[PDB]
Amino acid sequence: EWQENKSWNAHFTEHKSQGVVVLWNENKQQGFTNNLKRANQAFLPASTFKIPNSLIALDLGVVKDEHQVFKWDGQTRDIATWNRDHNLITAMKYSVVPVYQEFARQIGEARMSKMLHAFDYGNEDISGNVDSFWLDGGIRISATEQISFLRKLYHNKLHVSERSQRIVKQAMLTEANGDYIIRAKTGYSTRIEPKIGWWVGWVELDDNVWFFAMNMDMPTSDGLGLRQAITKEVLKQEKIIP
């Protein structure tokens, strides 16, 4: 069941923004969104694609473990944090595209396509460059499809090893305190209109899990912090976090 709560739109209007937040109450098997239509609109995943990409690279042995160092190729890029060595944890933390492009090249088109089909991921279309299709290719996924994929990951039900799923969930760790744990991944799609920002993941509580997927229009990088801030405003309104 899906329920529409337009009162969350105030959190977007407050910041002259437009977007969608989708929540799923795992215990109750109930979903909530401010915009049912946009919740099912499929967009490029951009760096949220680092979740499946990590899973595939680990299961195929392209990445050995979360400590393997992927050395910087020496090309100075516009993101300072990318011009350094990384492991899986830091590469997800800083959304280090060039590390994941190398992964994708080693995975290859055929294994990439097969895995995404096995994951039931979005429209399963990797058309484009094997090392950029999640940024400017044919793959599309909606906020509700992100949640359905993440639920499989949470439960170790994806068709990769349990170990691979455990490592990626570790790498998704974003915030933890005495009240909740957030495992999540941001995205920023700039190469093809509409430019949007993503945040997808879940909130672990003592006795429930709330999955979330949000996206919002992002004409400039100035608003990127609104991805987390708006989501948290919704979570606070629903009393999921303090």
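Residues carry their position along the shown sequence, with the first being 1.
The stretch 97-105 shows the higher mean C-alpha B-factor when 163-171 is compared against 97-105 in the entry. Of the two segments, 149-157 and 71-79, the one listed with the higher mean B-factor is 71-79 (C-alpha atoms only). When the modelled residues of the chain are ordered by C-alpha B-factor, residue 66 sits in the middle third. In the deposited entry, the Cα temperature factor of residue 30 places it in the highest third of its chain's modelled residues. When the CA B factors of the chain's modelled residues are split into thirds, the value for residue 110 lands in the highest one. For residue 58, the recorded CA temperature factor ranks within the middle third of the chain's modelled residues.
When all modelled residues of the chain are sorted by CA temperature factor, residue 217 is found within the highest third.
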